[PDB]
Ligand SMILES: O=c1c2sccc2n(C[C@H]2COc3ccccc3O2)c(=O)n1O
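A single chain, nothing else alongside it, follows as structure tokens in the form deposited without this ligand.
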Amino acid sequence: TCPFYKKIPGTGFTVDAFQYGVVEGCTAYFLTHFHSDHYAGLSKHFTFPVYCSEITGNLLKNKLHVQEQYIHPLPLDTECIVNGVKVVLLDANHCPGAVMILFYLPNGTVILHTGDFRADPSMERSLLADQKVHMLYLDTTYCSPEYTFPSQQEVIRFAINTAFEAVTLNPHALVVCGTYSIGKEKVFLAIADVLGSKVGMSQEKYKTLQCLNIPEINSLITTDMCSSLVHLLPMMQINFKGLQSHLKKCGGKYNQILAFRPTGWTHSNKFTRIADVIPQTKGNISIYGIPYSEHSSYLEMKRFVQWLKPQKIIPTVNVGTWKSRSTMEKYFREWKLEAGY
């Protein structure tokens, strides 16, 4: 049944709750972003109001064929009324179209639902600075102190420098980048920009990217693989067998593959710096795992929460085991005693 951490008290609303059938008492279903564990259940047969960003609404119409009459896109950073309740959508710094949602309950309670997010100090100057938040529904994906990772900027500088050096040393090398969802577009777009190429990809992935309102996108991507020297493949294909196979397909145009797997966290992060990352190599194929995250590190999460000073935290991730729930509750209490709220 629908878990309590997907329901907004004092309203008829749910958040990211499309896989439970008709949730009794729900008058409006919000969707924070277009990732499959969150939209699971939606299709052209859905007949209740969906509230989302404009980009998420484009993906629902074009990829899932949800009918237009049930898609209710909202602008960001704008007070809107939904079924009698004031709401605001804020940029979550996750994937394209991802939002956090502020609910202003009739009784005076204010609720923030982060959806999935990567906390940032810029959020401390949004509409969140303007009133107190009582309850926080928090993306706790990486809520443990082992989870450190570099800035997105540091990771893209490493990728651009590695790719540019490899292709200038060997003009017959191909660059491949893995993907299985929206998000992390800066990785393949920044590498193609430094090389003077478009990114080549499948018709399905090209359609997805054309839903994202990314400026000048027609200048950056293509379905013509032959003209491109940065290719996107399914993340599953980013291994030695899948890559050797791909290289056969290119008909002797290339003699070397340099591949990137933008993972979340990997336990080389506890030891190794970004400067010190090395690939796995077999023959003329090399694979780099790069720690490009679209979720908060531990420290980023902690700063946001100590700034916000909520009265109550409701975790939305890692909630399925008693040891994970107890560990997170211990960190929340540490943060509150340290900061004095």
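The numbering used is simple: start at 1 and walk along the sequence shown.
Separately, the form deposited with this ligand bound exists; it is not shown, and the next lines address it.
**Student:** Heavy atoms within 4.5 Å of this ligand in the deposited bound form: does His231 have any?
**Tutor:** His231: no contact with this ligand in the deposited bound form.
**Student:** Looking in the deposited bound form, any heavy atom of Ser43 within 4.5 Å of this ligand?
**Tutor:** It does not: once this ligand is placed as it appears in the deposited bound form, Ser43 has no heavy atom within 4.5 Å of it.
**Student:** Give a yes/no on whether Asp37 approaches this ligand to within 4.5 Å in the deposited bound form, heavy atoms considered.
**Tutor:** Contact with this ligand, yes.
**Student:** Indicate whether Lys198 is a 4.5 Å heavy atom neighbour of this ligand in the deposited bound form.
**Tutor:** Looking in the deposited bound form, residue contacts with this ligand do not include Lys198, since no heavy atom lies within 4.5 Å.
**Student:** Would you mind checking 90-116 for residues with a heavy atom within 4.5 Å of this ligand in the deposited bound form?
**Tutor:** Counting only heavy atoms within 4.5 Å of this ligand in the deposited bound form, the contacting residues of 90-116 are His94, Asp116.
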